[PDB]
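Below is one structure, written out as structure tokens, with a few remarks after it.
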Amino acid sequence: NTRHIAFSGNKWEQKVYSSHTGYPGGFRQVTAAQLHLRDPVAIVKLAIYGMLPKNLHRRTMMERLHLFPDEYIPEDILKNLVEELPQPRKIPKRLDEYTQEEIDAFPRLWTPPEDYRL
Amino acid sequence: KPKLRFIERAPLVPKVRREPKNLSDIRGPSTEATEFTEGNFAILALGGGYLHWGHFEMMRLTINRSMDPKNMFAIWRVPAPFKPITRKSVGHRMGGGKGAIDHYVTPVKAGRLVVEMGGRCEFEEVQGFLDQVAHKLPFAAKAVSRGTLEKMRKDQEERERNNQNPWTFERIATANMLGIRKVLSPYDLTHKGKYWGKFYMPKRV
Amino acid sequence: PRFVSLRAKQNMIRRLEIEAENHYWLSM
Amino acid sequence: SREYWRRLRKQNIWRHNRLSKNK
Amino acid sequence: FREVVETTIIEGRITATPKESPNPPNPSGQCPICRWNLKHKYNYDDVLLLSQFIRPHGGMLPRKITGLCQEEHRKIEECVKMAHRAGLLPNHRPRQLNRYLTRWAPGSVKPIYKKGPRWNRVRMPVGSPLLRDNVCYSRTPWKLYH
Amino acid sequence: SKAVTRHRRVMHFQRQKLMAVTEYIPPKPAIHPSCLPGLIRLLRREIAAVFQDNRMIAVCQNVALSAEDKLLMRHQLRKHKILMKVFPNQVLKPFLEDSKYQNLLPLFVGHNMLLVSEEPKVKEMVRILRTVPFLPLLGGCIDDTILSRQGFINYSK
Amino acid sequence: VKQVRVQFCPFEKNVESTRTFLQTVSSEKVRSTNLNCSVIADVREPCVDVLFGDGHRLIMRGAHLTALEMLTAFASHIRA
Amino acid sequence: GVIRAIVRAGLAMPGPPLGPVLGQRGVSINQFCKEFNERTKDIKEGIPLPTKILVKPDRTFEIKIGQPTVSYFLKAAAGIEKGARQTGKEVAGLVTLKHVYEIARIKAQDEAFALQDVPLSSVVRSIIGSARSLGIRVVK
RNA sequence: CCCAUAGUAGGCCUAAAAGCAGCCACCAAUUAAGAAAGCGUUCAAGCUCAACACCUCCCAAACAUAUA
Ligand SMILES: [Zn+2]
């Protein structure tokens with residue numbers, strides 16, 4: 001599900017991925033949104049690739065990492081998985097996803113006036 | 001004569017001995033002419049600097065423009081340019097003495113009042129062109145009344161009595177707490193850390 | 001340009017506290 | 001009386017006029 | 001609340017007025033945040049608190065109607081902005097990149113093409129500094145700039 | 001570099017650490033404090049004297065006119081001994097409860113002007129108001145009896 | 001716009017919405033600009049009749065309404 | 001539209017006080033000085049007389065008039081043809097109380113001039129108030 | 001947000017300069033609008049304000065939530 005990443009803040013529109021094809025005038029800065037529309041693997045892939053220790057074990061380590069943008073994982077990889085790791089961010093639920101007793105337990109804080117329009 | 005009198009470029013009697021630029025005439029709190037004397041409004045210096053002749057013409061010109069002489073009078077507090085600032089000739093090599101006297105200058109330290117105002121005028125009337133004047137000055141300045149002056153001095157007492165910080169500059173510097181007079185000036189025991197160079201830190205307790 | 005972190009402030013502060021107690025025990 | 005507070009209003013209007021010169 | 005029923009006929013019908021819960025734990029507070037011990041203890045996550053101050057088409061309610069503090073009205077106004085953009089208020093429409101903690105409007109921010117040197121680096125704003133004084137239960141405070 | 005410079009000179013690093021350690025800390029209370037709890041008597045004597053003066057009173061919404069048109073209304077009611085009074089309802093709402101006018105407390109709000117009188121030319125005032133298709137007659141009170149506009153037709157007739 | 005029959009009951013409990021509407025825009029100020037319209041105001045839950053000359057009949061019971069909704073809705077039917 | 005002038009009855013159609021200042025709404029100054037000469041005849045001649053004139057959008061003339069002015073009324077009644085210049089300390093005409101009361105009886109009368117005060121002190125306070133702002137001393 | 005009549009086109013100088021080309025007084029009417037604080041006109045007429053009535057190519061990767 002690496003199409004469904006979530007940058008915090010305006011990092012989708014501010015964070016810039018710069019590469020250079022070695023040709024002159026071939027400097028290519030591309031924001032995180034545009035690069036996520038090109039390939040929905042490369043943001044998590046560049047993040048991991050920057051985290052790893054800058055040595056020669058790094059690309060063998062990148063060939064151990066298997067990135068898929070959807071719920072679909074191939075069957076030869078599904079027959080290898082052992083543990084599913086917990087997500088590091090607790091996804092806050094929205095107002096459709098609160099149950100009724102969760103809404104009812106939270107108080108109404110303030111009396112609206114009887115004649116106000118909304 | 002309720003206007004700013006003409007401030008000359010250099011006094012009639014010259015100063016034939018050249019002077020060393022003793023830049024501690026900019027540094028620190030001013031002693032002379034900090035309070036009002038038959039004034040109500042002024043241009044207080046929140047920092048030190050040098051006034052040229054052209055600054056004095058900016059104040060005399062742009063004040064006597066927008067001024068009611070039947071309602072308002074005004075007095076110079078800072079004297080005429082008396083410090084001879086020299087410059088060597090343009091594009092000539094070092095040595096060969098000290099350069100010839102180029103132009104005269106007054107030193108104005110921080111907390112100095114420059115131009116007193118007075119008369120049948122409220123502060124909000126005189127905020128405008130004294131803020132324009134206070135922004136054309138070389139140092140950071142401010143148009144200050146009498147009650148605004150005692151207002152911000154009482155504010156500085158409130159800052160010095162309210163802070164929950166146990167460590168002030170006065171307790172550290174004068175007691176030589178962290179061996180820290182190796183890094184401090186000898187003036188920092190009397191400026192008490194509110195002056196760095198010619199500048200002034202009003203926000204710093 | 002070099003700036004002051006929280007490590008440096010806490011370290012500086014605990015040296016100030018050792019210093020204040022040195023001031024106390026030299027006072028009698 | 002009436003002209004007392006009318007006088008006070010006219011001095012307040014003069015005050016606002018003398019403040020609104022530079023604006 | 002009241003509604004404006006129309007069809008040409010236009011009438012106004014006061015319909016189904018709510019009320020606040022009968023026991024504020026801090027009576028003789030001032031804001032309804034201040035009355036309920038919530039001065040620093042809400043964020044954009046909790047939408048049961050934010051939704052009570054929101055017009056049903058997503059906008060804020062004015063400070064006179066809600067009776068909020070000035071401070072808490074800017075805080076709720078900012079948290080409601082930060083919660084519409086995280087998709088937490090889906091039913092406050094008039095009629096896709098996942099975000100959260102967005103200070104500025106997403107269609108208004110130029111990208112950082114030259115992030116500065118290490119001593120002058122242009123950072124990315126995350127969250128709002130109106131939410132500084134919240135209770136952080138970590139030791140490091142909220143990093144507002146990434 | 002000199003001790004006085006034109007730019008703010010870089011401090012030594014322990015100078016700067018002292019400046020950061022000795023910053024100002026403002027006090028924080030446990031509860032924020034903001035989250036804790038002549039002409040007027042001229043109008044009272046003047047309009048209170050108008051209360052005892054009039055036997056009959058009327059009122060309208062006299063904001064809907066021009067200046068010379070209010071001069072025409074001022075002269076055509078100057079033709080009578082009726083008086084017209086533009087005064088704030090802000091003080092008039094305690095005026096009514098002072099004068100024991102409980103049926104007149106729901107009367108005086110918005111733009112209004114008094115038509116205090118002892119002699120009714122109010123039928124002829126209606127004759128002036130029928131040529132202008134606005135500015136209705138708001139209810140009065142002759143001698144602690146309320147006049148609806150139907151009662152202005154009956155009494156004025 | 002051709003006619004407005006503005007109506008309220010101040011002998012009964014007052015409504016300042018249609019009365020404020022009567023003051024600011026059912027005055028001669030808009031009629032100093034808008035000459036064809038003909039207000040008439042009676043006086044006795046309030047009611048505002050609007051006679052469009054062309055094709056409509058706009059009647060508003062503005063007891064619980066407010067003056068801005070009545071005015072901007074009125075002008076929404078003026079733009080039509 | 002509304003036009004208010006101070007055109008004297010001594011000269012009916014002068015020119016620059018009536019030519020270009022009327023030449024925007026569209027006028028016929030021959031009728032204006034004709035009817036203005038009717039207003040010259042109906043009252044004492046050789047005096048400034050203000051107008052009311054309301055130029056209709058149907059282009060007709062309605063000249064309404066009241067009393068004379070306050071300038072040549074007081075200064076001519078004090079016998080001053082060209083008045084004082086300072087008017088704070090300089091005086092030429094010393095006019096008694098009863099003279100001001102005698103002209104004030106024929107003063108609070110007009111509609112277009114709107115000096116419509118029911119008492120007398122409400123008008124003599126106004127024109128004694130103009131007598132302080134001019135070079136006339138209020139005797140007694 | 002409104003809201004603006006009247007002594008008056010304040011006197012003198014000025015072709016007239018009217019609150020607004022300058023000097024001086026700057027009183028006054030209603031309940032209340034300054035002999036006027038900004039546009040504006042040769043001058044005017046018109047617009048607002050105070051006050052009344054509602055009130056060479058960027059350069060660690062990153063990350064706001066777990067107890068110091
Ligand atoms: Zn509160």
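Every chain in the structure tokens takes a letter, A first, then B, and so on in the order presented; its residues are numbered from 1, and the ligands are numbered from 1 following the presented order.
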Q) Near chain G, which residues of chain A fall within 10 Å when you count only C-alpha atoms, and what do they look like as a PyMOL selection string? A) chain A and resi 115-117
Those residues with C-alpha atoms, as a PDB file, in the first residue's frame please?
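The new file again.pdb reads:
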```pdb
ATOM      1  CA  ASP A 115     -32.619  31.293  16.814  1.00  0.00           C
ATOM      2  CA  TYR A 116     -29.388  30.926  14.889  1.00  0.00           C
ATOM      3  CA  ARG A 117     -29.447  29.776  11.324  1.00  0.00           C
TER       4      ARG A 117
END
```
Q | Residue hits in chain C, query chain E, radius 9 Å, only C-alpha atoms, as a PyMOL selection string | A | chain C and resi 1-3
Atoms to include: N, CA, C and O atoms. Write the selected residues as a PDB file, in the first residue's frame.
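The resulting again06.pdb:
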```pdb
ATOM      1  N   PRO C   1      27.829  30.810  11.823  1.00  0.00           N
ATOM      2  CA  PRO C   1      26.723  30.836  12.781  1.00  0.00           C
ATOM      3  C   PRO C   1      26.534  29.525  13.523  1.00  0.00           C
ATOM      4  O   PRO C   1      26.361  28.481  12.905  1.00  0.00           O
ATOM      5  N   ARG C   2      26.578  29.597  14.850  1.00  0.00           N
ATOM      6  CA  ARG C   2      26.428  28.439  15.717  1.00  0.00           C
ATOM      7  C   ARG C   2      25.431  28.756  16.816  1.00  0.00           C
ATOM      8  O   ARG C   2      25.444  29.850  17.383  1.00  0.00           O
ATOM      9  N   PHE C   3      24.554  27.803  17.101  1.00  0.00           N
ATOM     10  CA  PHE C   3      23.390  28.055  17.926  1.00  0.00           C
ATOM     11  C   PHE C   3      23.389  27.147  19.143  1.00  0.00           C
ATOM     12  O   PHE C   3      24.119  26.159  19.214  1.00  0.00           O
TER      13      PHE C   3
END
```
Q.
So that I can check the surroundings of segment 36-47 of chain I, please list as a PyMOL selection string every protein, DNA and RNA residue that reaches within 12 Å of it, counting only C-alpha atoms (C1' of nucleotides) and ignoring chain neighbours fewer than 6 positions away.
A. (chain D and resi 10+13-23) or (chain H and resi 1-6+16-25) or (chain I and resi 9+14-21+26)
Q: Show me which residues sit within 9 Å of ligand 1 when counting only C-alpha atoms (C1' of nucleotides) and all ligand atoms, and put them as a ChimeraX atom specification.
A: /E:29-35,37-39,68-72 /F:32,34-36
Q: Can you pull out every residue within 10 Å of residue 12 of chain D, counting only C-alpha atoms (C1' of nucleotides), but drop anything in the same chain fewer than 5 positions away, and send it as number ranges by chain?
A: D: 6-7, 17-18; I: 34, 50-51
What would the file look like if the residues just selected were written as a PDB file, in the first residue's frame with N, CA, C and O atoms (P, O5', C5', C4', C3', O3' and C1' of nucleotides)?
```
ATOM      1  N   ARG D   6     -22.997  69.842  24.857  1.00  0.00           N
ATOM      2  CA  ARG D   6     -22.771  70.189  23.459  1.00  0.00           C
ATOM      3  C   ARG D   6     -21.387  70.806  23.281  1.00  0.00           C
ATOM      4  O   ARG D   6     -20.687  70.512  22.303  1.00  0.00           O
ATOM      5  N   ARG D   7     -20.965  71.624  24.252  1.00  0.00           N
ATOM      6  CA  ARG D   7     -19.616  72.189  24.270  1.00  0.00           C
ATOM      7  C   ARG D   7     -18.557  71.105  24.424  1.00  0.00           C
ATOM      8  O   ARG D   7     -17.505  71.153  23.770  1.00  0.00           O
ATOM      9  N   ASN D  17     -10.337  66.161  15.221  1.00  0.00           N
ATOM     10  CA  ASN D  17      -9.842  66.873  14.050  1.00  0.00           C
ATOM     11  C   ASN D  17      -8.343  67.131  14.150  1.00  0.00           C
ATOM     12  O   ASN D  17      -7.616  66.986  13.161  1.00  0.00           O
ATOM     13  N   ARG D  18      -7.857  67.491  15.341  1.00  0.00           N
ATOM     14  CA  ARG D  18      -6.425  67.724  15.504  1.00  0.00           C
ATOM     15  C   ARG D  18      -5.629  66.425  15.505  1.00  0.00           C
ATOM     16  O   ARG D  18      -4.424  66.442  15.241  1.00  0.00           O
TER      17      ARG D  18
ATOM     18  P     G I  34     -20.665  70.962  14.421  1.00  0.00           P
ATOM     19  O5'   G I  34     -19.394  70.744  15.356  1.00  0.00           O
ATOM     20  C5'   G I  34     -18.580  71.836  15.764  1.00  0.00           C
ATOM     21  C4'   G I  34     -17.248  71.812  15.059  1.00  0.00           C
ATOM     22  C3'   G I  34     -17.020  72.920  14.041  1.00  0.00           C
ATOM     23  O3'   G I  34     -16.436  74.067  14.637  1.00  0.00           O
ATOM     24  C1'   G I  34     -16.419  70.797  13.119  1.00  0.00           C
ATOM     25  P     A I  50     -16.723  58.342  11.504  1.00  0.00           P
ATOM     26  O5'   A I  50     -16.553  59.424  12.658  1.00  0.00           O
ATOM     27  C5'   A I  50     -15.374  59.472  13.443  1.00  0.00           C
ATOM     28  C4'   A I  50     -15.279  60.775  14.191  1.00  0.00           C
ATOM     29  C3'   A I  50     -16.470  61.113  15.073  1.00  0.00           C
ATOM     30  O3'   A I  50     -16.381  60.523  16.358  1.00  0.00           O
ATOM     31  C1'   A I  50     -15.908  62.986  13.732  1.00  0.00           C
ATOM     32  P     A I  51     -17.691  59.930  17.072  1.00  0.00           P
ATOM     33  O5'   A I  51     -18.760  61.098  16.958  1.00  0.00           O
ATOM     34  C5'   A I  51     -18.844  62.123  17.934  1.00  0.00           C
ATOM     35  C4'   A I  51     -20.104  62.923  17.735  1.00  0.00           C
ATOM     36  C3'   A I  51     -21.390  62.114  17.800  1.00  0.00           C
ATOM     37  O3'   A I  51     -21.853  61.938  19.127  1.00  0.00           O
ATOM     38  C1'   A I  51     -21.391  63.437  15.838  1.00  0.00           C
TER      39        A I  51
END
```
List the spatial neighbours of residue 1 of chain D as a CSV table (one decimal) with N, CA and C atoms, in the first residue's frame - criterion: any atom at most 8 Å away, only C-alpha atoms (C1' of nucleotides), same-chain residues fewer than 2 positions off excluded.
```
chain,number,residue,atom,x,y,z
D,3,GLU,N,-26.1,72.8,26.7
D,3,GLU,CA,-24.9,73.4,26.0
D,3,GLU,C,-23.6,73.1,26.7
D,4,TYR,N,-23.6,72.6,27.9
D,4,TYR,CA,-22.4,72.1,28.5
D,4,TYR,C,-21.9,70.8,27.8
D,5,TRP,N,-22.8,69.8,27.6
D,5,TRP,CA,-22.4,68.6,26.9
D,5,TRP,C,-22.3,68.9,25.4
F,38,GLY,N,-24.5,62.9,33.4
F,38,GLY,CA,-24.8,64.3,33.3
F,38,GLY,C,-25.7,64.5,32.1
F,39,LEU,N,-25.3,64.0,30.9
F,39,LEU,CA,-26.3,64.0,29.8
F,39,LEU,C,-27.3,62.9,30.1
F,42,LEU,N,-29.7,64.4,32.2
F,42,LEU,CA,-30.4,65.3,31.4
F,42,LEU,C,-31.5,64.7,30.6
```
Q | Residue list for chain B near chain D as a ChimeraX atom specification, 12 Å, only C-alpha atoms | A | /B:66-68,71,120-132
**Q.** Residues of chain I within 12 Å of chain G, only C-alpha atoms (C1' of nucleotides) counted, as number ranges by chain
**A.** I: 1-2, 53-54
Q. As a VMD selection string, which residues of chain D does DSSP assign to helix (DSSP H, G or I)?
A. chain D and resid 2 to 19
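Put simply, atom CA of residue 131 of chain H is 20.5 Å away from atom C1' of residue 30 of chain I.
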Q.
Just want the 9 Å neighbourhood of residue 90 of chain F, counted on only C-alpha atoms (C1' of nucleotides), with same-chain residues fewer than 3 positions away dropped. Output as an NGL selection string.
A. (:F and (87 or 93-94 or 109)) or (:I and (55))
Please, could you write that set of residues out with N, CA, C and O atoms (P, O5', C5', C4', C3', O3' and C1' of nucleotides) as a PDB file, in the first residue's frame?
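Just written: selection.pdb:
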```pdb
ATOM      1  N   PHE F  87     -34.679  60.352  20.387  1.00  0.00           N
ATOM      2  CA  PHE F  87     -33.905  60.075  21.590  1.00  0.00           C
ATOM      3  C   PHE F  87     -33.637  58.580  21.675  1.00  0.00           C
ATOM      4  O   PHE F  87     -34.417  57.789  21.134  1.00  0.00           O
ATOM      5  N   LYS F  93     -35.796  52.345  27.701  1.00  0.00           N
ATOM      6  CA  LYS F  93     -36.297  51.099  28.271  1.00  0.00           C
ATOM      7  C   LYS F  93     -36.300  51.123  29.808  1.00  0.00           C
ATOM      8  O   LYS F  93     -37.246  50.589  30.402  1.00  0.00           O
ATOM      9  N   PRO F  94     -35.320  51.724  30.509  1.00  0.00           N
ATOM     10  CA  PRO F  94     -35.567  52.024  31.930  1.00  0.00           C
ATOM     11  C   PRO F  94     -36.527  53.184  32.170  1.00  0.00           C
ATOM     12  O   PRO F  94     -37.001  53.325  33.304  1.00  0.00           O
ATOM     13  N   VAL F 109     -38.233  50.285  20.442  1.00  0.00           N
ATOM     14  CA  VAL F 109     -36.999  49.678  19.966  1.00  0.00           C
ATOM     15  C   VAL F 109     -36.818  50.163  18.536  1.00  0.00           C
ATOM     16  O   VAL F 109     -37.775  50.586  17.879  1.00  0.00           O
TER      17      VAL F 109
ATOM     18  P     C I  55     -30.344  50.570  21.227  1.00  0.00           P
ATOM     19  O5'   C I  55     -28.920  49.848  21.285  1.00  0.00           O
ATOM     20  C5'   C I  55     -28.789  48.435  21.197  1.00  0.00           C
ATOM     21  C4'   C I  55     -27.391  48.036  20.780  1.00  0.00           C
ATOM     22  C3'   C I  55     -26.261  48.577  21.644  1.00  0.00           C
ATOM     23  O3'   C I  55     -26.040  47.805  22.812  1.00  0.00           O
ATOM     24  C1'   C I  55     -25.751  48.938  19.357  1.00  0.00           C
TER      25        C I  55
END
```
**Q.** Computed interatomic separation between atom CA of residue 93 of chain A and atom CA of residue 58 of chain E (Å)
**A.**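 It comes out at 17.6 Å.
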(Q) So that I can see what lies close to residue 113 of chain H, please list as a PyMOL selection string the residues with an atom at most 9 Å from it, counting only C-alpha atoms (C1' of nucleotides) and leaving out residues fewer than 5 positions away in the same chain. (A) (chain H and resi 52+65-67) or (chain I and resi 6-7)
**Q.** Distance in Å - atom CA of residue 144 of chain F versus atom CA of residue 47 of chain F
**A.**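 Atom CA of residue 144 of chain F sits 16.6 Å away from atom CA of residue 47 of chain F.
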Q: Show me which bits of chain I are within 8 Å of chain E, counting only C-alpha atoms (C1' of nucleotides), as a list in words.
A: residues 58, 59, 63, 64, 65, 66, 67 and 68 of chain I
